[PDB]
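A quick write-up on the structure given underneath.
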Amino acid sequence: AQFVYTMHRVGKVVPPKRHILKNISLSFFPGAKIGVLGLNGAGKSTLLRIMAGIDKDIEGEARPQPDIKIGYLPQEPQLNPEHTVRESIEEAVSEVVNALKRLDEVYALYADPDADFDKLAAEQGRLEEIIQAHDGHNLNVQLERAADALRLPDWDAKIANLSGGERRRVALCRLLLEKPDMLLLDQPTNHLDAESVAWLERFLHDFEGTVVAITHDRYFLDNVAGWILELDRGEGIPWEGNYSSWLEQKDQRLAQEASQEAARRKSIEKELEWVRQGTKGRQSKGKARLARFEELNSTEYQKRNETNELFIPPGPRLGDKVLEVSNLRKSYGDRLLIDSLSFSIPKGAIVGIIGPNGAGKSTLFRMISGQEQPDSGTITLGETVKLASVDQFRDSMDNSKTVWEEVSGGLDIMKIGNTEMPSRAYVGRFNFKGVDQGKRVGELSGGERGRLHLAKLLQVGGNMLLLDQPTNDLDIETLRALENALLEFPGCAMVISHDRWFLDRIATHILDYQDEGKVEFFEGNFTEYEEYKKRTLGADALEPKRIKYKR
RNA sequence: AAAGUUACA
RNA sequence: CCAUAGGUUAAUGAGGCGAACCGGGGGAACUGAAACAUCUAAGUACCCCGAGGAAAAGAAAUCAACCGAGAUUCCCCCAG
RNA sequence: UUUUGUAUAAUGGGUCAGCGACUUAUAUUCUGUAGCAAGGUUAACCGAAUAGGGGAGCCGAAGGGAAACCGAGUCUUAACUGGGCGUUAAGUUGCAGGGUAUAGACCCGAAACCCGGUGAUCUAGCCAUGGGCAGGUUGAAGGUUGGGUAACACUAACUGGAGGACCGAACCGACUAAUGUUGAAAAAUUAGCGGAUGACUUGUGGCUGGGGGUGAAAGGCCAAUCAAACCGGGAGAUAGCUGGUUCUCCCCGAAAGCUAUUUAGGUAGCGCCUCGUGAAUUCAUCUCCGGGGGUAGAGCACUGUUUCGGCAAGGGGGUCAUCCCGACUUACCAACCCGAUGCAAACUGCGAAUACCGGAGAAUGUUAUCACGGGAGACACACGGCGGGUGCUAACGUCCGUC
RNA sequence: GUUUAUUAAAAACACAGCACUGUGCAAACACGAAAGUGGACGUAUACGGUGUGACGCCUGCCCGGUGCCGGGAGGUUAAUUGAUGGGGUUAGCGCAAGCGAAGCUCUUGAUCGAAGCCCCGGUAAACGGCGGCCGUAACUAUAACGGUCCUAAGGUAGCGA
RNA sequence: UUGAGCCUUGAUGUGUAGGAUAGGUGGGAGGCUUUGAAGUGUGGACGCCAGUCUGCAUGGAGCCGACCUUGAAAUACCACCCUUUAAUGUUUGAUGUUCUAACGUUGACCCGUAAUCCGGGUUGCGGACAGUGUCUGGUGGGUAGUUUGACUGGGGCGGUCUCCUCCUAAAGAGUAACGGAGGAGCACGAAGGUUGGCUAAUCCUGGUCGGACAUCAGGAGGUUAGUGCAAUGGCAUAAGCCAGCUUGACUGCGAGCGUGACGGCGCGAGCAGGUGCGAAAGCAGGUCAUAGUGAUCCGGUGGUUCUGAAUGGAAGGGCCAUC
RNA sequence: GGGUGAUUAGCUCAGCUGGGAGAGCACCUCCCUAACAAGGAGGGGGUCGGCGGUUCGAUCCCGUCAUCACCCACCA
Ligand SMILES: Nc1ncnc2c1ncn2[C@@H]1O[C@H](COP(=O)(O)OP(=O)(O)OP(=O)(O)O)[C@@H](O)[C@H]1O
Ligand SMILES: Nc1ncnc2c1ncn2[C@@H]1O[C@H](COP(=O)(O)OP(=O)(O)OP(=O)(O)O)[C@@H](O)[C@H]1O
Ligand SMILES: [Mg+2]
Ligand SMILES: [Mg+2]
Ligand SMILES: [Mg+2]
Ligand SMILES: [Mg+2]
Ligand SMILES: [Mg+2]
Ligand SMILES: [Mg+2]
Ligand SMILES: [Mg+2]
Ligand SMILES: [Mg+2]
Ligand SMILES: [Mg+2]
Ligand SMILES: [Mg+2]
Ligand SMILES: [Mg+2]
Ligand SMILES: [Mg+2]
Ligand SMILES: [Mg+2]
Ligand SMILES: [Mg+2]
Ligand SMILES: [Mg+2]
Ligand SMILES: [Mg+2]
Ligand SMILES: [Mg+2]
Ligand SMILES: [Mg+2]
Ligand SMILES: [Mg+2]
Ligand SMILES: [Mg+2]
Ligand SMILES: [Mg+2]
Ligand SMILES: [Mg+2]
Ligand SMILES: [Mg+2]
Ligand code: NA
Ligand code: NA
């Protein structure tokens, strides 16, 4: 069984001397499915950037087999805002389109005999060969089939005027149109809804080539992965099994490491007590034991686990009238997202906003924050309400600035409502508890980017929160910390998310989008929402179709 | 399940 | 009945000793390195086996450089 | 002899006579001398063999560059106005001598390491075999006969003769003292002392052998030797350590410092010594001239420390609305400004004498100066004067500078 | 009883007794390149090693450390095997460049890979270990008692200048 | 019993539009089935739930193309086929059980032989285990060879060991002590280069929250400030502070010096080539200076046909830059 | 004589090359109770040993002294 990829002694060093990856020796075999786990900063995206060939700085040797295609989807897929849907899409088939245009230019040869045959007719064969390498002529059908299978927006739509989920779908389609042999995915379900994620995971299970996927979720991982690469601090640990068994193994590993560190502390204290005694005569003391103690005094890497410190500052006191919408309606062109929506938000409530992609979830936040003007108006907030909004996109932070400068603005004392707070203490409240204040925004990882985003955008101190997909790149630990912080909140919050479990653990009012632009509002949590649906239900259970890619 | 004590004419 | 091992009798040799030299089987350490462990001393001292008047080697599956020389051994250079 | 320094009460020598320590291979550099000279010279070897042949070679006349390569030039560099190394000075082979290298390498001297053998006639254990233990005590089990008991159990007397049992000779030891310590004796004698039928003692003969044995275990014993026997060899181990180093005269004449050191008592480069060669009013002294100081002394503008006055903010405890504006007390702690007065290695708005650096001028001085080359020794210093650190303004203390 | 022949005869060694442990016999163990011997012409009521040391009353708590015993799941892991990638050479395609078949080579090293170690239990007549500070009762004299920190556990019986 | 691979035989391929599950080109015409059907009843499998594939039963001659309005055409073969899958083979690999014939036997019997040695022969029992050889991981004071620094008011213990600043240090340099005080093992693509511009600390007076001290205004003062970090020396022409443009934090050299015992270290005008700033004169080969460090060996990386053990390459060397 | 460590609320102790400074029980009030204990609710405390120092911060960093706790004083 010839492998597909190999890494031997692969090591990476980041600023100062930090071995994110140390001695990672691995082989990737045909038909494999690997899920890469770890905390927010472990080095998963680093390892995939190495596997994509983008990073060659590493120590060791990492290489794929020759003439195998690696399709790399990062966790920051960039697209051309000028481009429309088709203008961004065809770049994945640009060879065929460019060659076809060249054929159109060449066809004037047989009209005008200028440099007739010995100069370009021979190259016409090379052009027809590059068409033949693909289907080429039946290309519009390929594009239509891909768009149908991935539920892409119509090609006339622009890219800036696109929802985050559909943006990720465009990136997925442009990646998979290349038709590679090894997929590298960096959180491929970042902004996807339930149907999109289910289709993607079925496709991944069907994929013939190798798949290496980074995921902070567990159910999609149980679906797709064949084995897990833990990727702890420094070292990568393979594992055969499911997420819960791997979790058990991980707790056992961390408990053993904690016990060994405690024993090390014990032995070091004992030997220090020995070192701090006198010679007692003209006898040994001994340099061998001194050397043993000096080498025993070493350094161990503590886990940079976020855990429960996510600091949501308390806003101003909130009256009973918080938010009210009456007959809200919004449409774009001919497709309408919200139609005759009315609801009131009692104080203290967490509102789980759910629905498919581009259904209007983010545009609702735009109206509430006042950046968009509804057709049917009647959005209102109580006079005590102070709004703090967290966007679906992090594209507002200066990647040059450091963490502390970007969060705090450079002022040593930070004002949060009534109380002045030390900026360094406030930043450290968001797990940047060391010299992590010095890291650059661009050099931060995706999960650290989300944490810094929350830190910068919760400082306004509003007692109404408008969080749009707040747990995008976060792992389970930061997710739990955020859930606890949201629970210990005096004000009220509206959270848009696609994590059903995270939304269920905190939501008190469900705002769910449906077809034909109806936004059903339900006061209650997800358990009683499901119970209400069961009480007044409809008889069927089959959502998907799982269309195809090939042919 | 827990439930101790509290000087006399 | 086999046959072999074994036994018996003959003839034929060799045993042991000896100074060095010679071929082989094993093979130190002190010392030097200003310590020492790679390294050196040194394949030396020593032990053992086997010859001979010498012994070993010896007649290219050797060198050399498109010219060539022609088995082995020893001496002087090459060259510290 | 060793030392800073010895009559030293530090070492060595009783004395005589004899012996006793810088040698010999090669190789290399320098000096003298001899021969030839841009040449000199052969080695092995042949040889009627100190000749004569033999020129294989070696050194020299050309260097530069890592090299290719170029060449009285070359290298560097894109190139050098450049710069480094060379060109404008004879070598070579003997002989004698001074060094160095390898050999024991000036002589003597370890404790040790390795190799091969000799030892269990001493002593450790064990094995086979066969001897020794005067004399006297105590009385175990068991047994018998009676009492007993249903039978036992038990009990008495008699018996019996156990025991790493008791006392004590031979025998085996070795606790105490004295003597003896160039002894009667390289461990004993004398007077006492312990065991003395046992894990005893003893004869003869065996067996275990050196990182091995044996050990009722002390590192004990293994031929008067044992934390690794003895004999022979490697072997003249090695010894930065000690000792010793032998005839005479003449000339010059040190150092005990710096730097480095697995280095401090060793060594290396430099300083200082000597010999040779070559060179300049080269060097030294004094006079004059041109310089830089930040020392002694002094001073208090600076950094600090100080006293005393005069102005005096502020600061600490009471008299009050023991919140405000503070409204009033210091026989005041107190730097800030001024007037006086001190102190300072790490203070300076000042500042010598000397010393040092350079120039000129004589006189004087066996060139005293510098460079190169051969040979060293020395790198433990001592005290005294002057300037100081340290110490106690101690030390024949210790550490620097200078004489 | 033994011991430092030759300054130590003792409280030292031994000892009967005790315990732990190994050992199923071609025993463990020891001497020995080996053969083979002892153990033993014995056979777990036997033999070896270790500690303690008649007898009497006893021998408390700690398995965290070191060792030993058991476990096998997972991790790390040797020699082996030599996939894969890279390079050297060159028949040719080019005779300007450069590429490069087959072979042969240099290197790199996928896959396979046991015991140990990590890990999980046990074991102290295995080697070993067996706490602080503060307050508190008719005098502060002391604390039966209490608070708290730490530990693997905090020294029990009995002895004690 | 399995694991893996390979060859066959099957089975399988729901987009939209389309008659309805359409893999790809085919390449061709009609074949299929009658060697018994286009079906009904029945059983399993797949099932993107439409459905097409299937073992059967009497009945056994009709299903699609061809026709085209779809990007494409009609399981209407064998294909070498792609995708998944399942079966018999095939190799191999693992584990297990049985066997005997290697091997063991310190079981019995027989012979050599008048011998509990040894050998041979029968037989029993184990048995490809055990055991040994080579290679290899672990353990291994059982044994062996060694190491285990120096200074030091004796040694040990404590402290120190390299570099920078001041004093000791005696007005040139240098100058010791286990003398007296402190620091370094870096920082900076600006905090470097230039060209312009600018001048502090502290105090007094007036001024909204606002005072002992924030920002403002004017007066004294005159560097008591500042310098990336110790101390010393220096700095107004600022070496201090601000801004524009920038990369001289250049490459090859280098008269001449200073300082070292040397290794080495430092300063440097000027020359050549290119550059930045400035209108120019000019300045710039790092930073106000003095700390911020490590010889050689060995090896790594890039460049250079300098070398290349017959020749052409190459390996390995050298040179340059660097780790 | 030399060396080391500790100092944090009333007590015993945790405390990030910074971030009012924390835990048990003590203390305060209120419930519960005839009344106390125990139990339950609320609450407050601080020289971070002290003058010192590179610092965006000194509790943890920064020489020192103050005290109590140790350790060593060997050949001699
Ligand atoms: N140049 C850099 N210098 C210093 N730290 C860096 C640099 N680049 C990245 N890092 C750090 O390396 C860490 C690893 O980041 P990385 O993106 O690999 O993590 P991740 O686990 O893959 O993230 P995520 O799951 O959130 O996408 C982060 O903490 C990041 O800040
Ligand atoms: N300016 C616009 N013109 C046209 N269409 C627009 C415009 N802005 C947004 N849309 C579209 O309208 C829909 C609204 O989507 P929106 O960004 O509000 O979030 P969502 O789709 O509800 O959520 P999510 O961000 O999670 O996908 C999307 O389909 C989006 O592409
Ligand atoms: Mg040796
Ligand atoms: Mg030596
Ligand atoms: Mg030695
Ligand atoms: Mg022959
Ligand atoms: Mg006398
Ligand atoms: Mg004398
Ligand atoms: Mg001569
Ligand atoms: Mg003998
Ligand atoms: Mg007597
Ligand atoms: Mg005898
Ligand atoms: Mg011997
Ligand atoms: Mg001898
Ligand atoms: Mg020798
Ligand atoms: Mg004289
Ligand atoms: Mg010396
Ligand atoms: Mg002196
Ligand atoms: Mg244990
Ligand atoms: Mg085990
Ligand atoms: Mg040893
Ligand atoms: Mg200027
Ligand atoms: Mg220039
Ligand atoms: Mg210009
Ligand atoms: Mg080369
Ligand atoms: Na990532
Ligand atoms: Na959106």
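Quick note, the first sequence lines up with residues 2 to 552 if you use PDB author numbering.
The C-beta atom is built at its ideal place from N, Cα and C for all residues, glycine as well.
Rounded to whole angstroms, what is the Cα-Cα separation between residue i and residue j?
i: residue 497; j: residue 226; result: 28 Å
i: residue 440; j: residue 404; result: 6 Å
i: residue 460; j: residue 397; result: 15 Å
i: residue 513; j: residue 451; result: 25 Å
i: residue 163; j: residue 190; result: 17 Å
i: residue 247; j: residue 37; result: 12 Å
i: residue 362; j: residue 392; result: 12 Å
i: residue 279; j: residue 273; result: 12 Å
i: residue 340; j: residue 201; result: 31 Å
i: residue 466; j: residue 269; result: 49 Å
i: residue 532; j: residue 516; result: 21 Å
i: residue 485; j: residue 547; result: 37 Å
Got a sec: does ligand 1 put a non-hydrogen atom nearer than 7 Å to the Cβ of residue i?
i: residue 16; result: yes
i: residue 117; result: no
Would you call residue i buried or exposed, if buried means 16 or more other Cβ atoms sit within 10 Å of its Cβ?
i: residue 245; result: exposed
i: residue 63; result: buried
i: residue 68; result: exposed
Could you tell me whether any non-hydrogen atom of ligand 26 is closer than 7 Å to the CB of residue i?
i: residue 197; result: no
i: residue 215; result: yes
i: residue 447; result: yes
Confirm, please, whether the CB-CB distance from residue j to residue i is below 8 Å.
i: residue 44; j: residue 8; result: no
i: residue 448; j: residue 231; result: no
i: residue 170; j: residue 152; result: yes
i: residue 214; j: residue 186; result: yes
Closer than 7 Å: is that where the CB of residue i sits relative to any heavy atom of ligand 2?
i: residue 472; result: no
| query | Okay, do the region 348-359 and the region 514-532 touch, 3+ Cβ pairs below 8 Å being the bar? | reply | Contact between the region 348-359 and the region 514-532 is established, with three or more Cβ pairs separated by less than 8 Å.
| request: Evaluate contact between the region 152-161 and the region 77-95, counting only Cβ atoms and requiring at least three cross-stretch pairs below 8 Å. | output: The answer is yes - the region 77-95 touches the region 152-161, with three or more Cβ pairs under 8 Å.
| said: Quick check: the region 411-429 against the region 362-374, are at least 3 beta-carbon pairs closer than 8 Å? | reply: No, the region 362-374 does not touch the region 411-429.
| query | Are the region 319-339 and the region 467-474 in contact at 8 Å, needing three or more beta carbon pairs? | reply | No, because fewer than three Cβ pairs between the region 319-339 and the region 467-474 fall closer than 8 Å, the two stretches do not touch.
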